[PDB]
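Quick notes on the structure that follows.
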Amino acid sequence: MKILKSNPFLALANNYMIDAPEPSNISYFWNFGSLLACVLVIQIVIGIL
Amino acid sequence: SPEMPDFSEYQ
Amino acid sequence: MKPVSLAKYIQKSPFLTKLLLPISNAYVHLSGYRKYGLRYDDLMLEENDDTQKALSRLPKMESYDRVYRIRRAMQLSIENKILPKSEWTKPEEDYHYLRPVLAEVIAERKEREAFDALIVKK
Amino acid sequence: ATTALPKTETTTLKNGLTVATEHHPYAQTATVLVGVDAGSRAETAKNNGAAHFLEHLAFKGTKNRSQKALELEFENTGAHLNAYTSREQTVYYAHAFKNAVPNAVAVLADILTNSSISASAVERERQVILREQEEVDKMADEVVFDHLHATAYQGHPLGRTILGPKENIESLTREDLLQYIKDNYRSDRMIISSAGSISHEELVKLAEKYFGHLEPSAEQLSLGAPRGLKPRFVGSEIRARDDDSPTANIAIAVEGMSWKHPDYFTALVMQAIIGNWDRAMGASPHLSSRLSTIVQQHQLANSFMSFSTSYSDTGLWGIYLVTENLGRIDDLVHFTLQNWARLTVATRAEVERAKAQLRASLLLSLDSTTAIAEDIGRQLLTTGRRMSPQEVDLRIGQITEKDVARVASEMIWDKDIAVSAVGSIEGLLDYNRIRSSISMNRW
Amino acid sequence: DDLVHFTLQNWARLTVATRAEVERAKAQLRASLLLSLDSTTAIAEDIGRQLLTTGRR
Amino acid sequence: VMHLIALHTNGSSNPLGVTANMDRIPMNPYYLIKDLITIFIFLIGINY
Amino acid sequence: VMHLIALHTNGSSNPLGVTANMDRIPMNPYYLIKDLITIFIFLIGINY
Amino acid sequence: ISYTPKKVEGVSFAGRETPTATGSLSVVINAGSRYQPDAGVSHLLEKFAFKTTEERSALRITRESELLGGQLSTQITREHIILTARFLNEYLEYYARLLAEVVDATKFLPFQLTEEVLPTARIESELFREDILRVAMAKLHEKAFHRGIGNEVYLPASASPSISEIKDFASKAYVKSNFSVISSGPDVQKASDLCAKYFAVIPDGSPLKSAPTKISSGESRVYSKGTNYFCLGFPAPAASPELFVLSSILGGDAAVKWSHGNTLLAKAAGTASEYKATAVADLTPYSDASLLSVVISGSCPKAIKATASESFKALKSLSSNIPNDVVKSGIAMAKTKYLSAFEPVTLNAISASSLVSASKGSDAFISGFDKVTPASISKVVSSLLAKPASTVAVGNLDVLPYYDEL
Amino acid sequence: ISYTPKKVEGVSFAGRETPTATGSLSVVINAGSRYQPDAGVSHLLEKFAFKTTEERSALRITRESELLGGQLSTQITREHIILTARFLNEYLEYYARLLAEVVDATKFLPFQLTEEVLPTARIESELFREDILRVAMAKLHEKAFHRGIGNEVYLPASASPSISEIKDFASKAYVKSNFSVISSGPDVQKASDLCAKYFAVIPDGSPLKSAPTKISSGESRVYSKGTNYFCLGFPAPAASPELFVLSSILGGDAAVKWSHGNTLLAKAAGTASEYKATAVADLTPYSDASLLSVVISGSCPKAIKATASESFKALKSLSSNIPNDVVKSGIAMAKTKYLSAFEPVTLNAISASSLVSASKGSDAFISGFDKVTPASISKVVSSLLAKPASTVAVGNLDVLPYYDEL
Ligand SMILES: COC1=C(OC)C(=O)C(C/C=C(/C)CC/C=C(\C)CC/C=C(\C)CC/C=C(\C)CC/C=C(\C)CC/C=C(\C)CC/C=C(/C)CC/C=C(\C)CC/C=C(\C)CCC=C(C)C)=C(C)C1=O
Ligand SMILES: CCCCCCCCCCCCCCCC(=O)OC[C@H](COP(=O)([O-])OCC[N+](C)(C)C)OC(=O)CCCCCCCCCCCCCCC
Ligand SMILES: CCCCCCCCCCCCCCCC(=O)OC[C@H](COP(=O)(O)OCCN)OC(=O)CCCCCCCCCCCCCCC
Ligand SMILES: CCCCCCCCCCCCCCCC(=O)OC[C@H](COP(=O)(O)OCCN)OC(=O)CCCCCCCCCCCCCCC
Ligand SMILES: [Zn+2]
């Protein structure tokens, strides 16, 4: 068994970001969540500064 | 198999 | 809960059926699932106990054909295309291959839905 | 031309010996039973296990006839004979062809009233008793029930095993058995009953001929009356872990109702409400019990049975679960106790269905003459009369849903339990978590 | 997936192979190239294939 | 985080609206590069 | 939170230092009440 | 006491009047494992009892019977399929209607076979296979008779008949000329009228035809680590009172509860291995054949071998002459057992054979017990020992004997 | 091409000279399933070969053999235990030393048995049980010979011998007087010297004792849904050239690749079922017994039955008057078929059986082929058909025939 499927934290990362079954025909309208996360991170950092 | 231990002290 | 389509009420009066047939034909043409070759019964949701049980009571050939139809539709939707005008689903092949089984399962479940509520009138 | 169920007559022989017969006109076989109201409760800490030893030694010779003169007196005429003992009564019954009973009765009387126990016979039967005790440990049901009885009424004579301790078996002498005969075999506490093709008058004549010499007991009491202190129900737990057993047997019980309690048939009705189940049953998915449905859908166990064992001054009321899905035992226990607690708000259709099922099943388990004779003997031994079916129907009819709710609230709702587990019980949670499920918190 | 990943990893590792593994493989191959021929049919087939594919045995 | 952990138990939908259990691909090589275009487009939008 | 997650995968130790995979009990209510006494004692101290 | 045959509206009836408060109704269909076309069809057809009929679903049949307080049971033998239902006497008409509907219209839904029927058959077959003694007896039955009644009653693990085969067999078997009706309620005339009125819509087909039984011999062996068994088997013609008398004379089971016994087998075991191996014998009647078997069990293979040799010698000793007292004891015991095999309302292997045969099954059979003489038993034993017997050995095979070493 | 036995230092030897670059070394031991004390002991004892000895662990043995470039292979059969080692000619001394050490001193560690030996034996047993033809032939052997070679070879699924039993069986089975050493390298004198030097400290025990084989007959029936099978088995005494010529006369396969053949069985199949059921005959020679078997296989049961009947009729007619040309062709084919079994280095039934008995072996056994007359074959055939044969049926049992209906 590979490391990414054995260590707890790496397994947590892998189950959500690396190995996760997804529909194979989702359009470009399914990317807005990542944009929301990036904007939220930018807001948090800029507000802290 | 043994007998029942006496629990009368804590009852 | 569940769809509440009232086509049975309309079909009692032949006047309404004769008047509404062209509108229904135009609406079914406009919905445009035939362009992907799918049958109407492939679009119903299968995430509850009733539909998951009904899908297990289908003939094997029907299940394999449904799997092929859904796979072809997904592959078509990946690259944003449709089937040519000769391979569209004809009206002859657009029949109800899932409604009777689901109705039977719902009737069985409804059957039990009565013994528990039974009361004694004395 | 419809015929009717034959009533059971009853007479006393000026000595307390009660005889009950259910004549069957067109019958070819017959059964004669002789029971005594003295089980394993009358024993003490020293002479425990004397009842089973005494029963084992009955068919080994008398003063008149010796061994190999009893078998040749029974095998020749085609007459089976058998006996067994319980925690409160011991029984003897012999069945033979229509013409062979009038001699089986005489031989049974000769065996019971008169006897001879030799030291050689005891020294021979000791090894047989030891082998029986060594064998009995293998069966799961007997071990589980014995442990439950020991852990429920701990410290009381009702909490011992019928076989007795292994140490006592190799120490009993003939004097203790003779004392048991002299004390607990009396005409006030004995009974005969037949349920075959032998007429009541003929049985009365045979009983007067071969039993009219017994001495009534000094303490002239009734039949089935309590004798001693009322045992105290003590909630506890016993875990006999064994990791090599594929299954895991668990028994959970609460305090039940005695034979004379005015809430007997209500407890029976609730037991019928819970019912029993088995994975091999043809109609398993279609049972009308919530516990059956929830267990079957998730395959939480292999089977379960509900019992209502009752004694003279106490009883037990619970369930016996056998499971093979090690890992979901806690779910099974929680759901079982939740369904137990739900009886406080039971509906009216469930009560009627259980009443009908109990009325059907009460008088449907008596087909052979042996079963009818045993039922007559037990019913006369415990209470003192054999209730007519009209009385049973009237008593069952009085039951309503509010009586069930009251009994479940006063007996099951948040009360102490006594459990006993055997096998692979690693997944069975501890006592407090088990008990917490017997009282629902939503209300 | 784990099986395929480990198989391809053991494939790719062969760029840093050690001397001992190479020696063991050489010995095993030399033994196996000769232990196969144990019948007249096998020898004839080997000779025919060698002559047909290369030109000489 | 609760949003994502609640979503992950059943997966995303598709434009067709039918079950997608028959055809699936892992997220690592494919959908980690289909989101880069949107990220760069958003950056070019916000920097202006 | 990561501390707790890392610890949960192997359990806690015991004073003897030997394995405790033979006699285990669930947290509640056996260890959800043992903490209340210490909570109240610390509350008394900080309040004084 | 004994069922009286009758025929009303082309239906075979057999009633009995008893003074009780309950009753019984059964149909004895001649569609057992003897007549099955393929393997396991009879078992699945029997398991389809009380399923969704044309007028009711399984839910109704179960829940409403529970509401009425009754028990429904089914049974499968090597020659019969029995559908029975016991009830309080107040509900005769409903259960007659239910049995008639189950027999006549029992629509076979394709999705029930894969959901409710097949797993039950698998579980039953596994439970039967776990029992060692039942497997040994089935193997002895298969070795003795060739294929008529020597088939396999239960469904093997490598069989899966289609619903079409079961439907065809049901359409060929469930006919008015291929079963009977057995009732033992407190009223007979009313039950007879009800059965005549209700069991009159099933089409009148023809009885199933099977070839006469073929008798042979053979020996099977198997290994086991637990207790060891060694079973003998003597195929015999149609059952007669002499055979029952002989089976009771051989004995093996004690009359008194805690004893050894004075029958030939008990004495043989006692003088052979000090009661370290027990030998019992019994007879299983059939439509046109019978099988008398001797079973020797224990944990010491040497003791089993010795007691088997002693029992075979004792059985061979019966061909010369028999003392009168042995004959009297055997007659008494056989009569007691035969009459006690009738008390329960459930049809066992003895009552069913008496009922199916219409030539004085029980009324004259009892009278034939008192006419047994030592000459008749000697002749029966002599005719039994002509052909060799069939043996099945379970356990240590290096000590368990063959037939030639007995 | 022929093994010439010797005896050096009280050790059986069998040398052979070949012009090859690779040798071999096999130790044939009389410890097969015929001599085992309990079920599965021989298989487990065979599995323990090449495990932790008294001088080097199993890991060391495997790594050393891998580094030296050699293959270590064992083989368990119904009457022997064979441990082989194929190698280049350089490492002959090392491999002889390793084999001698393995046979002489091999400590039995219980954890090794519970870890490696038992799972491998179980896996091999399941792999054998999956196949159908091998099970049929094993059952044919079981029904033909009562004990000895009639014992099951592989470990039963419900058995587990203790380590002490295997240890004592190995102690009383691995002795100088109970095995032989076979080498077929490019030099015999050097191999003989090395074998005498290293296989010399093993104690002079006693040969294992077994009773002479007892021959009987019987029929067994099993059920399956796939390809149907039907086998006939004729037990016979020790093998003679007449039996080999008869087996080659029966034939069954095709001389050229894509054809039907022209032997008796092929003609029978063609005339009966239009080549819808292939019939094949073969012979398995043992030390003091032999089994001439006919296997009829196909998918259509009716074709199987017709082919079986026609084949039995042809075999019966084979005893009347055999034409000379048939005998000539049979001898010509049998010579080649017997000789072709000696080219492979690994031993089979024929070579091992020839090597066990030193009276004839292979020097004079082949020479006797050319002195077979039709009268001898007719006498052998007529002697075979005196006692009843034995059958094993797999598939639909309602059509496959018993022996009385052939
Ligand atoms: C299958 O389907 C799904 C997909 O879809 C198809 C997916 O896409 C996804 C996968 C992708 C996602 C959408 C998941 C991601 C989304 C979320 C989980 C949303 C949650 C977002 C957050 C939790 C935001 C977190 C951001 C934080 C914590 C901001 C903090 C930043 C810093 C600590 C570093 C920046 C530094 C700052 C601001 C400080 C100022 C800078 C300095 C240099 C001064 C500070 C210096 C010091 C104090 C020195 C001392 C420092 C020390 C020692 C302390 C350590 C250092 C610190 C700075 C802390 C999922 C799951 C999926 O299901
Ligand atoms: C400064 C911010 C970035 C700082 C650096 C950020 C990147 C940090 C490293 C990337 C993330 C960590 C790697 C995660 C995947 C992994 O675990 O790879 C380890 C591999 C072996 O992993 P495996 O494929 O599963 O094989 C082992 C399987 N067994 C045999 C155990 C069954 O073993 C290997 O071959 C490699 C082991 C290396 C372990 C990480 C070392 C830490 C990095 C050192 C610095 C590298 C140089 C950096 C230059 C920029
Ligand atoms: C964070 C806390 C700060 C506030 C402190 C004050 C809280 C007031 C609580 C009042 C006393 C409890 C009465 C319940 C008694 C009861 O009902 O016990 C019943 C239950 C279960 O027993 P049973 O049903 O199986 O019994 C079976 C009967 N036959 O036991 C409990 O659930 C214990 C709950 C106690 C409260 C939780 C304390 C632990 C939280 C702190 C540790 C974790 C910190 C996490 C970070 C904050
Ligand atoms: C705004 C800032 C964003 C980051 C800036 C750009 C980062 C570098 C991008 C340029 C190089 C890309 C790698 C080329 C492909 C490759 O080389 O590898 C290919 C790998 C797949 O691996 P494979 O094994 O299948 O490859 C085949 C065999 N080797 O695909 C990638 O890794 C994609 C890298 C993109 C990084 C993630 C972008 C999406 C962010 C999602 C945010 C989710 C929420 C986050 C919340 C904080
Ligand atoms: Zn006893």
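Chain D residue numbers are taken from Swiss-Prot; in order, the displayed residues are 15-457.
Header lists the method as electron microscopy, 3.4 Å.
Placed from the backbone N, Cα and C atoms, the Cβ positions cover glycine too.
Taken verbatim from Swiss-Prot:
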ACT_SITE  D:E69  active site, proton acceptor
BINDING   D:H66, D:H70, D:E146  Zn(2+) binding site
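Other Cβ atoms within 10 Å of the Cβ of D:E69 (active site, proton acceptor) number 18 in total over all chains. For D:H66 (Zn(2+) binding site), applying a Cβ distance below 8 Å and a minimum sequence separation of six or more within one chain yields D:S54, D:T99, D:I143, D:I176, D:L177, D:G178. Residues D:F67, D:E69, D:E139, D:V142, D:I143, D:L177 surround the recorded Zn(2+) site, their Cβ atoms falling within 8 Å of the Cβ centroid of D:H66, D:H70, D:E146, which are themselves excluded. Long-range neighbours of D:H70 (Zn(2+) binding site) (same chain, six or more residues apart, CB within less than 8 Å of its CB): D:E139, D:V142, D:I143.
Long-range neighbours of D:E146 (Zn(2+) binding site) (same chain, six or more residues apart, CB within less than 8 Å of its CB): D:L177. Using a cut-off of under 8 A between C-beta atoms, the recorded positions D:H66, D:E69, D:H70, D:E146 that neighbour chain H are D:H70.
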